[PDB]
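Values below: all heavy atoms of this structure, side chains included; hydrogens, waters and symmetry mates excluded. Reminder, nothing fancy here: chain letters follow the sequence lines and each chain counts from 1.
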Amino acid sequence: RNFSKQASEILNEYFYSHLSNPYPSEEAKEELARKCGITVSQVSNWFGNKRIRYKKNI
Amino acid sequence: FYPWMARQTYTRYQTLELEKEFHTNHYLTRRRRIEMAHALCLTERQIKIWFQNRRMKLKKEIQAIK
DNA sequence: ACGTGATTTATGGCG
DNA sequence: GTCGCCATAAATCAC
């Protein structure tokens, strides 16, 4: 259910390195899905959850 | 910092009726939109938006198979 | 119980 | 000037 240490590290590295625009494109989501060993919907869910939880935690 | 950094749940009954109409017809007629809205105490926009969300949920259901 | 991944309401942009 | 799809926000659900 919960993503591996590496998958979360990959997603967070992307998010914070792209903090100016943390909205990966379709292909960038696919690249992140292949690297993390998750689905594109799971990448979309992760980014959606990360964007809201980051802005509230300010 | 950046420009990007800047809802009511439905009752089990409302969801039951909305689901019933979708299971009968995936698309909502103008007349049904007014009949559903009055009977469920939801706006005409709310019923339309629900049908659109439910079609989009059905999309992800068929794609989930393969 | 908690937290995180998933789902439910709601919006606007676009074709 | 109508509609519906898609990505997304924010709240909420739930394994």
Does B:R7 make a side-chain N or O approach to OP1 or OP2 of D:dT12 shorter than 4.0 Å? no
Report yes if at least one side-chain N or O of B:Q52 is closer than 4.0 Å to OP1 or OP2 of D:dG4; otherwise report no. yes
Considering only heavy atoms and no angle criterion, is a donor-acceptor pair shorter than 3.5 Å present between the side chain of A:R53 and the base of C:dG5? yes
For A:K55, which contact category applies under a 4.0 Å heavy-atom criterion: base, sugar-phosphate, or nothing? sugar-phosphate
Can you find a side chain N or O atom of A:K29 that sits less than 4.0 Å from OP1 or OP2 on D:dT8? yes
For C:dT4, does OP1 or OP2 lie under 4.0 Å from any side-chain N or O of A:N2? no
Is B:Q46 close enough to C:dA10 that one of its side-chain N or O atoms is under 4.0 Å from OP1 or OP2 there? yes
Position toward the 5' end of DNA chain D (nearest nucleotide), A:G48 or B:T9: A:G48
If you compare every side-chain N and O of B:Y27 against the phosphate oxygens of D:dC5 (OP1, OP2), does one of them come in below 4.0 Å? yes
Quick one: is A:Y23 getting a side-chain N or O under 4.0 Å of the D:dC6 phosphate, OP1 or OP2? no
Per the ring pair (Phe, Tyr, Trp, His ring centres under 6.0 Å) rule, which among A:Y54, A:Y23, A:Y14 passes with A:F47? A:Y14
Return no unless some side-chain N or O of A:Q42 is found under 4.0 Å from OP1 or OP2 of C:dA6. yes
Between B:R55 and B:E61, does any side-chain N to carboxylate O distance fall below 4.0 Å? no
What I want to check is whether an N or O donor and acceptor connect the side chain of B:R12 with the base of C:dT8 at under 3.5 Å. no
